[PDB]
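In: Structure of the sequence below:
(chains A, B, C, D, E, F, G, H, I, J, K and L, ligands or ions: 9)
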Amino acid sequence: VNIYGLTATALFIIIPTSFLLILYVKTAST
Amino acid sequence: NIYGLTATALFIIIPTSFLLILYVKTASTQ
Amino acid sequence: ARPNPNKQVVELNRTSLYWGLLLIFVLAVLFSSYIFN
Amino acid sequence: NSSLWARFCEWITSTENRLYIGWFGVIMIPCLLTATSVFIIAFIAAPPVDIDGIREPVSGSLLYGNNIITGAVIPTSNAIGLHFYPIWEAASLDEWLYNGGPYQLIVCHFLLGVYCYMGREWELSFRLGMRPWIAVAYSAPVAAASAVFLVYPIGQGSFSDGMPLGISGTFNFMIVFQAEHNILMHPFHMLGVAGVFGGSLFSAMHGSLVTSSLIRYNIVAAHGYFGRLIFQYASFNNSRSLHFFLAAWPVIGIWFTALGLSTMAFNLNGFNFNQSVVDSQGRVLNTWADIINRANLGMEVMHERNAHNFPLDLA
Amino acid sequence: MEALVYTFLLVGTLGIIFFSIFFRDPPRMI
Amino acid sequence: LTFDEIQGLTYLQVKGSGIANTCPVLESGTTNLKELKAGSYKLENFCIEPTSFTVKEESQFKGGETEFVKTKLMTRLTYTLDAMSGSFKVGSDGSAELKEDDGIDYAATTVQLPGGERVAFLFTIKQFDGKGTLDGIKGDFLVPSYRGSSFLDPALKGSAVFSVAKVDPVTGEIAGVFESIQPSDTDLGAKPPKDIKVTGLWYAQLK
Amino acid sequence: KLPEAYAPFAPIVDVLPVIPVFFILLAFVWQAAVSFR
Amino acid sequence: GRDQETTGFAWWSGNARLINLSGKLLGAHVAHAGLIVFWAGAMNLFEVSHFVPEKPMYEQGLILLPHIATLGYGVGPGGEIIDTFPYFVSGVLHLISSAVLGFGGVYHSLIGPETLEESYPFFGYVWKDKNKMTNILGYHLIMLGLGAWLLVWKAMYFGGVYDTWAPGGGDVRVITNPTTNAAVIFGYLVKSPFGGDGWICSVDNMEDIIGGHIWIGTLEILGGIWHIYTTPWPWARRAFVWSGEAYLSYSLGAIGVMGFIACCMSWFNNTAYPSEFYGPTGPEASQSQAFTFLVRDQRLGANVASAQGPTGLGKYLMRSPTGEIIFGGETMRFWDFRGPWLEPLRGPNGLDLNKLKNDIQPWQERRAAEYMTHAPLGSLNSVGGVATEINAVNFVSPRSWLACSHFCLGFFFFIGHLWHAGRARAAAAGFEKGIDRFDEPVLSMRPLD
Amino acid sequence: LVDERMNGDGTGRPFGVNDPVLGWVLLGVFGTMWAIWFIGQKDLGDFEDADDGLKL
Amino acid sequence: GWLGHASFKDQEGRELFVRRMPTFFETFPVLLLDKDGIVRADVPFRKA
Amino acid sequence: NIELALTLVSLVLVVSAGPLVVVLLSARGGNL
Amino acid sequence: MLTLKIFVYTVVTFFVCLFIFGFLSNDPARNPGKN
Ligand SMILES: CCCCCCCCCCCCCCCCCC(=O)OC[C@H](CO[C@@H]1O[C@H](CO[C@H]2O[C@H](CO)[C@H](O)[C@H](O)[C@H]2O)[C@H](O)[C@H](O)[C@H]1O)OC(=O)CCCCCCCCCCCCCCCCC
Ligand code: CLA
Ligand code: CLA
Ligand code: CLA
Ligand code: CLA
Ligand SMILES: CC1=C(/C=C/C(C)=C/C=C/C(C)=C/C=C/C=C(C)/C=C/C=C(C)/C=C/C2=C(C)CCCC2(C)C)C(C)(C)CCC1
Ligand SMILES: CC1=C(/C=C/C(C)=C/C=C/C(C)=C/C=C/C=C(C)/C=C/C=C(C)/C=C/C2=C(C)CCCC2(C)C)C(C)(C)CCC1
Ligand SMILES: CC1=C(/C=C/C(C)=C/C=C/C(C)=C/C=C/C=C(C)/C=C/C=C(C)/C=C/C2=C(C)CCCC2(C)C)C(C)(C)CCC1
Ligand SMILES: [Fe+2]
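Out: Residues are numbered from 1 along each chain as shown, chains lettered A, B, ... in the order given. Ligands and ions are numbered 1, 2, ... in the order given. Below, you will see the structure:
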């Protein structure tokens, strides 16, 4: 219920997802 | 504070990820 | 079911990226104090 | 043209589908989807289930103060025993939830699904002109699942002794089983552990040797490397022999561990070595087996808090 | 709240599995 | 099914039918109730079968008041008291007395009231002692603790009202309807006890 | 126990049950005789 | 023998070289039958030589003598043993018959003709004949029916069988009126296998067993006569593989199912497997413990009906989910157990309190104590009791050994069915050796699945 | 009785049917499927000759 | 703040000490034992 | 004592009866 | 509650009949090999 746990989970879900999407889009465009 | 912090984090992250994906798609083709 | 003629690709140069990032960060700076109340 | 049934069987037995819907598939798919749906719905939200049959229920649902690790689908009530308990046999749906019907439904549909999955593996092996023994290898986890979910409840006389469908349920079941049967001291569990460790070892070794030999299909240099390393020249120089050994080891290990499980289902426990080394006068000397016995005794006293009422646990 | 987070995580994992099974890169020259 | 039909069935036929939880029905006899000769009799084969399990609950709405609401049963059957034995005295004027001594006089039960809350209790009439007319005899009984002192975490009295409805003087076999109110489970002191109202049928063979 | 008339032949019986197992071993010996042809 | 170059089968698969050699295959089968009979006779003699008639059979780890005793040879009332001569006779008869069978097998394997398709056309057969195979099947069906009728005659005319449900302790009885009603006989087969029903493991009287054996013998004789004078219909040829390995796989699957059924029947049934010889079953031990404790506590002076347990359900007696009066405690799971020593105390709606008060005979109490002592629990060291026990007992019930061994055998034979059925189907198709490498079926299929 | 139940868990009815409508449904579904298969049998090829079918 | 050193004595006046919790044990039973080492008192588990 | 003696004698005789046939056939050049 | 039993019986019977009659439809000749 703590804010720290929820925000850590959200960041861990989102940031690597964004990084992987960046790399995949770069690869697919090339 | 959970509502505001979560909203601010999402607003910072998601549109920036979208813009970065578009730019990386653009920059691949020189 | 065949290759669709309406095929196009979106582009976004670096200037547009800087404009978008600046707009997002400025809006966040402006509205964070209000949202935190 | 062809009749309706001819077209239907042509479509079913077609290798052009994205996923092969075999004649075993026509049963595998509905059973597996039904089990998946019921499992998901019960895991997300389900009232506490009276596993022990002593009018005290335990909660295993996310909406009832649980998380992923401690959530589970509680086994069927002890009062039910081995009786068939479908939905239509309960007076009300809430009663079905209370007594623990979903566990029985999921177990039955899941066992049928895995059997038909093995059948479908054989079927698609046949339709593509392959040698049909992948299903034989797949039978080992199938046998283990059957022993865990079906044979042990049959031997113990109740479905409440089966494995709960949850992460903490697995650990509770393992602690229970070691307490009541001494799983660790059985030769078949030792063979299963040996099979699993050897499977990991051979997987790592084969991967490393093949990857290293894939220079700019395995060449004979890897065989020479292996012979030089462990002094076992000509032990494995045929690729077919090596891959057959890789397939055979873990499958045999899992077969034997599942057989040991099913054997203990009928109260044929493992080795017993407590009170073996005895002094000349007659005093008993402790051994590591005796410390294992002490741990089992500690596990057994807190096994069921308020279920037993007789000195000996015959059930 | 936490139950919703767990459900979202499981649903996302299942969606990723579905996309990987169906929207896969076609294999060429095996 | 009457007593003769019940006793005429083998155990295998009864098993799985739910008959074992039922109570004998008095098809014969008279409803006059004036054919019961005054005196004392040894009451045997005293059986009781409930029909409703209304529980007193506080209304969820602020403006509401406590009321008896219906419930859904959880335990499969296992709620019928049977084989009770005691004494039954009937007076010439019209007064009567009923007392229960032994038998299966208690049964644990759990019922869920609407909203998901399930409440357990111990349906019992043990040590009953009622005195009054044939219609409207009233008494009280003891309710033991729901669980023993040996139970670990991870006296009370209740009233009852019987009323004989049909009597068969040649073979006894008195039948009627009863109503009772008893406290709920109060173990562990985690919540105040609630009141369960139970109506049902009762059969007895006083010979 | 065996009948008294057959009491002296008790030891032989004690060896009888394990005989079939030996058969399978014999097979391997036979294969060793022909050098596993 | 042969070698790998001529046959294509390595030594570790040498018996596969006999698929197309009728004489050698027949010799091998006869030798194996001789081995089976030899083990039967030798083990019977071994058990006889170590048998102490004073002690019960299940307390000495005997698994073959109980069968003969159930057949009703040298057994008195209550399972008491009168004499042990018939066991010796059966052992020696199997031993000598096995000697003869072994001589026949070694002759047919070493000297007899390799293939007997031309010298003895009656016994010859091609695996794809589809008409001689049915003839052999009919012959063996007739033989099986004759065996079943032999059992029926033994139970009906020549002596009797050990009825364990007879008044008092069970004894040998003649089944004068076997249950031949079609509905009763065929109700068992379509009954559910789950708890309470138990499928054919729920037979609770010798009359039903004898009637069923009459039915199966007659059906097998009729089916054998049918199959001798008939060939499979086109729909049968359409949905079967006609090769030796295919028939082997069918037999393997059927016999694995039979092994599983035997495991369950040995574990649960106690009518065709009297407890006086095989020992008490799983549920029987727990029910006996509860009964003995109830009797002892009642004798010490207590109200068994008004004995609330720690959980409030009831220490001694409670109600089943259907409504019957049953023993309380953790033994609720075994509430549908039935036994000769407990039925006389059962009324229309379960256990009767009045009968439990003053209707218990001493033999029932003694049998209950004896059964509760010798629970089917055991250890691989032959310890007995729960795993947390001292080394003071040397008891493991024969029921546990039978169940475990036959379940393992059934599982392995199901695996054998899988293997041999797959290989037979592949070999009949023609790609059991490998992909063609020049006409690969996958390469001609549309890509992207 | 508090409520109503099917009361057939331990009765061991044949094929688990206690109402004739269940048996009628069983027979009807089986007959419909068998009729469809029989009609479509013409497309599966006839094995009229004595020696036919997959064999080795 | 500090509550001061606690000394436990039985009815006879014998001095008793609590067996300190070792690092391994997440939960440790409480035992009052005399100077010699023999346990003189303890909490009866939970409901024993 | 004597019972164990006869048990071992019978055991060794019966065990040796097996490979003795193989040895005799190999010596005499049989079709083994 | 019996309607649910009827529906389940119908579905199970339909699927089992499909399975049974599928393998009677000249299944062994569905292989891709040459014979
Ligand atoms: C699952 C377990 C259930 C519990 C146990 C039940 C046990 C039952 C045992 C008896 C039935 C066993 C059937 C097993 C399935 C195999 C059927 C089969 O291979 O069958 C294959 C054969 C093939 O038949 C042949 O088919 C050939 C091809 O015909 C085709 O070609 C012909 C011209 O050449 C014609 O044109 C014809 O019209 C055309 O169809 C020829 O017609 C031959 O003459 C003909 O003999 O069929 C036949 O054996 C004839 C039909 C056999 C009996 C079928 C009974 C089906 C049910 C009947 C009741 C239904 C009620 C419905 C009610 C609905 C409303 C409520
Ligand atoms: C009566 C049933 C039966 C029959 C007639 C056959 C007959 C045949 N099988 Mg099949 N098979 C069966 C059952 C049967 N099998 C079962 C139940 C299994 C599952 C285990 C198999 C698995 C199997 C495989 C995997 C293969 C065969 C093969 C063969 C052929 C050659 C076998 C040979 O020469 O072995 C020679 C004998 C040996 C190599 C000795 C093996 C000894 C092992 C280790 C068993 C040890 C037993 C041990 C004491 C107890 C085990 C544990 C216990 C708890 C059960 C032959 C046609 C082979 C073949 O050529 O196929 C065409 C082949 O590849 N079979
Ligand atoms: C009980 C199981 C069994 C049976 C019945 C058979 C039977 C057979 N096998 Mg198989 N086999 C088995 C197990 C079995 N085998 C196992 C476990 C293996 C793995 C090692 C093999 C591996 C194998 C191979 C590799 C081959 C066979 C072959 C054969 C056949 C010829 C054998 C021969 O000529 O040897 C001759 C052997 C001898 C002359 C040596 C002496 C043996 C004698 C007969 C021992 C008799 C002892 C007995 C107590 C005497 C009783 C006398 C009586 C009057 C009382 C025969 C039908 C061969 C075949 O296919 O034939 C074409 C073949 O090539 N087998
Ligand atoms: C190592 C191998 C091995 C051994 C030692 C045994 C040993 C045994 N098995 Mg097992 N079994 C095995 C492998 C083995 N099995 C395998 C591989 C399978 C397949 C999975 C089975 C499947 C199996 C089943 C299904 C059953 C057994 C049973 C038995 C027992 C009795 C055997 C018997 O009498 O057969 C039966 C004997 C015959 C069929 C031969 C014919 C007998 C005639 C017809 C009887 C005539 C008698 C007559 C009435 C006497 C009166 C004559 C006159 C006065 C009229 C015995 C303990 C039985 C048992 O006790 O279950 C626990 C049983 O039901 N076994
Ligand atoms: C073990 C002995 C044996 C064997 C191997 C065979 C083998 C055969 N028989 Mg014969 N038969 C036998 C005994 C045997 N029969 C006996 C004893 C009788 C007398 C009743 C007959 C009477 C008989 C007739 C009248 C006919 C055959 C036919 C056939 C052939 C087709 C069988 C088939 O595909 O069934 C397939 C069976 C079905 C499709 C039925 C549905 C199967 C469901 C799923 C099973 C339901 C099981 C039920 C619920 C009970 C549970 C039991 C439990 C073990 C699971 C085949 C060659 C037929 C043929 O072509 O030969 C001329 C034929 O017309 N048989
Ligand atoms: C083919 C072959 C084989 C096999 C074979 C076989 C398996 C055979 C068998 C055989 C047999 C199976 C035999 C048997 C025999 C037996 C006998 C010969 C017996 C006799 C008996 C006696 C002599 C007895 C006596 C007595 C009595 C009567 C009782 C008491 C005791 C006494 C001792 C006195 C193998 C693979 C291995 C190898 C190759 C070849
Ligand atoms: C003696 C006895 C009895 C009885 C018995 C009987 C009566 C039996 C019968 C039995 C039977 C009567 C059985 C049957 C069976 C059947 C089966 C088992 C079948 C199978 C089938 C199959 C396997 C098929 C498959 C398929 C199909 C589906 C089609 C074609 C193709 C294929 C192959 C895929 C009693 C209980 C009384 C008592 C005790 C004992
Ligand atoms: C009953 C009886 C009889 C008969 C007997 C018999 C007939 C026996 C047989 C026996 C036999 C028939 C035996 C056999 C044996 C064999 C053996 C014992 C062997 C062993 C070997 C080993 C152990 C080795 C192995 C190996 C090889 C060589 C290769 C691979 C590697 C190894 C090293 C593993 C008579 C009448 C005389 C009288 C007395 C009693
Ligand atoms: Fe590889």
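
In: Quick check: residue F:96 is in a strand.
Out: Yes: per DSSP: H, G, I helix; E, B strand; the rest coil, residue F:96 lies within a strand segment.

In: what's the closest non-adjacent residue to it?
Out: Computed as Cβ to Cβ, 6 or more residues apart in numbering or on different chains, the closest residue to residue F:96 that is not its neighbour in sequence is residue F:90, at 4.6 Å. Every C-beta, even on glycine, is put in place using the N, C-alpha and C of the backbone.

In: what helix or strand does residue F:53 sit in?
Out: strand F:39-57 (DSSP states H and E).

In: end to end, how far does stretch J:21-29 reach?
Out: This stretch, stretch J:21-29, spans 8 Å end to end (Cα to Cα, to the nearest Å).

In: what about it and chain D, any contact?
Out: No: counting by Cβ under 8 Å from any Cβ of the partner chain, chain D has no neighbours in stretch J:21-29; the shortest distance is 13.0 Å.

In: So that stretch, near chain F or not?
Out: No: applying Cβ under 8 Å from any Cβ, one finds stretch J:21-29 separated from chain F by no less than 14.6 Å.

In: hmm, who's touching that stretch?
Out: Contact with stretch J:21-29 is made by J:19, J:42, J:43, J:45, as judged by Cβ atoms under 8 Å, 6 or more residues apart in numbering or on different chains.

In: Any idea how far stretch D:210-218 is from the middle of the chain?
Out: 36 Å (Cα atoms, centre = their mean, to the nearest Å).

In: So what's the gap between stretch H:167-182 and the chain middle?
Out: With Cα atoms, centre = their mean, you get 21 Å for stretch H:167-182.

In: Next: stretch G:23-37.
Out: 17 Å.

In: pull the CA atoms of stretch J:33-48 into PDB?
Out: The C-alpha trace of stretch J:33-48 is given here as PDB (Å, rounded to 0.1, in the frame of the first residue of the first chain):
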ATOM      1  CA  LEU J  33      16.200 -21.100  35.000                       C
ATOM      2  CA  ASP J  34      18.100 -21.000  38.200                       C
ATOM      3  CA  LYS J  35      21.900 -20.400  38.700                       C
ATOM      4  CA  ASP J  36      22.700 -24.100  38.200                       C
ATOM      5  CA  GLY J  37      21.000 -24.200  34.800                       C
ATOM      6  CA  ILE J  38      17.800 -26.200  35.600                       C
ATOM      7  CA  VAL J  39      14.700 -24.700  34.200                       C
ATOM      8  CA  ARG J  40      12.300 -23.500  36.900                       C
ATOM      9  CA  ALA J  41       9.600 -21.800  34.900                       C
ATOM     10  CA  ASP J  42       8.300 -21.200  31.400                       C
ATOM     11  CA  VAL J  43       5.400 -19.900  29.400                       C
ATOM     12  CA  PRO J  44       3.100 -22.900  28.400                       C
ATOM     13  CA  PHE J  45       3.400 -22.300  24.600                       C
ATOM     14  CA  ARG J  46       0.200 -20.700  23.600                       C
ATOM     15  CA  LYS J  47      -2.800 -22.700  24.900                       C
ATOM     16  CA  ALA J  48      -1.100 -25.600  26.700                       C
END
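
In: How about that stretch, which residues are buried there?
Out: Buried residues in stretch J:33-48, defined by neighbour count with 16 or more other Cβ atoms under 10 Å in any protein chain shown: J:33, J:40.

In: returning to what we had before: the very next helix or strand once past the strand holding residue F:53 packs against which elements?
Out: In the C-terminal direction, the helix or strand that comes right after strand F:39-57 (DSSP H and E) is strand F:67-69. In terms of contacts (3 or more Cβ pairs under 8 Å, 6 or more residues apart in numbering or on different chains; DSSP states H and E), strand F:67-69 is packed against strand F:39-57.

In: The strand it packs on close to chain H?
Out: No: among the residues of strand F:39-57, none lie within reach of chain H under Cβ under 8 Å from any Cβ; the closest is 9.2 Å away.

In: Now do the helices in chain J.
Out: Shown for chain J, no helices are assigned by DSSP state H.

In: and what of chain H?
Out: H:4-7, H:22-49, H:65-70, H:85-110, H:132-156, H:182-190, H:206-228, H:234-238, H:244-268, H:275-278, H:282-300, H:353-358, H:362-373, H:398-429.

In: right, and these - which one's nearest ligand 2?
Out: helix H:398-429 (2.5 Å; Cβ to the nearest ligand atom).

In: Who are the packing partners of the closest one?
Out: Where contact means 3+ Cβ pairs under 8 Å, 6+ apart, helix H:398-429 is packed against helix D:101-127, helix D:134-146, helix D:239-265, strand D:268-269, helix H:244-268.

In: Using neighbour counts, pick out the buried residues of it.
Out: So, applying 16+ other Cβ under 10 Å, buried residues of helix H:398-429: H:398-411, H:413-429.

In: Show residues contacting stretch H:372-382.
Out: Stretch H:372-382 has contacts (Cβ under 8 Å, 6+ apart) with D:182, D:186-187, D:266-273, D:312, D:314, H:58-59, H:279-282, H:285-286, H:288-289, H:291-292, H:384-387, H:391, H:394-397, H:399-400.

In: ok, now with 7 Å
Out: D:186, D:267-272, D:314, H:58-59, H:279-282, H:285, H:288-289, H:292, H:384-387, H:394-397, H:399-400 (Cβ atoms under 7 Å, 6 or more residues apart in numbering or on different chains).

In: ditto for stretch H:416-427
Out: Applying Cβ under 7 Å, 6+ apart, the contact partners of stretch H:416-427 are D:122, D:126, D:131-133, D:135-136, D:139, H:241, H:243, H:245-246, H:248-249, H:252-253, H:256, H:432, I:56, L:28.

In: Can I get the buried part of the residues you listed as one PyMOL selection?
Out: This is how PyMOL selects the buried members of the contacts of stretch H:416-427, with burial counted by 16+ other Cβ under 10 Å:
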select buried, (chain D and resi 122+126+131+132+133+135+136+139) or (chain H and resi 241+243+245+246+248+249+252+253+256+432) or (chain I and resi 56) or (chain L and resi 28)
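
In: can you map out the helices along the chain?
Out: Picking chain A for this. Under DSSP H, chain A gives helices at A:3-29.

In: nope, chain K please
Out: Using DSSP H, the helices of chain K run over K:2-27.

In: Point to the residue nearest the middle of it.
Out: residue K:16 (1.7 Å; Cα atoms, centre = their mean).

In: ok, whatever residue of chain G ends up closest to chain K - how many residues close by?
Out: Going by Cβ to the nearest Cβ, chain K is nearest to residue G:11 of chain G, at 4.2 Å. By other Cβ atoms under 10 Å in any protein chain shown, 18 other residues sit near residue G:11.

In: In terms of helices and strands, where is it?
Out: helix G:10-15.

In: The following helix or strand past that helix: which residues count as buried?
Out: As assigned by DSSP H and E, the chain's next helix or strand after helix G:10-15 is helix G:19-33. Neighbour counts using 16+ other Cβ under 10 Å place G:19, G:30, G:33 of helix G:19-33 among the buried residues.

In: Next, see if the helix or strand hosting residue C:30 gets close to chain B.
Out: Here residue C:30, judged by DSSP H and E, is contained in helix C:14-36. Yes: using Cβ under 7 Å from any Cβ of the partner chain, we find that helix C:14-36 touches chain B at C:14, C:17, C:20, C:21, C:24, C:28, C:32, C:35, C:36.

In: which one of those is nearest ligand 3?
Out: residue C:17 (74.8 Å).

In: Look at the closest one and say how many residues are nearby.
Out: By other Cβ under 10 Å, 18 other residues sit near residue C:17.

In: rewinding a little: just the buried residues from the contacts of stretch H:372-382, in PyMOL please.
Out: Selection of buried members from the contacts of stretch H:372-382 for PyMOL, criterion 16+ other Cβ under 10 Å:
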select buried, (chain D and resi 186+267+268+269+270+271+272+314) or (chain H and resi 58+59+279+280+281+282+285+288+289+292+384+385+386+387+395+396+397+399+400)
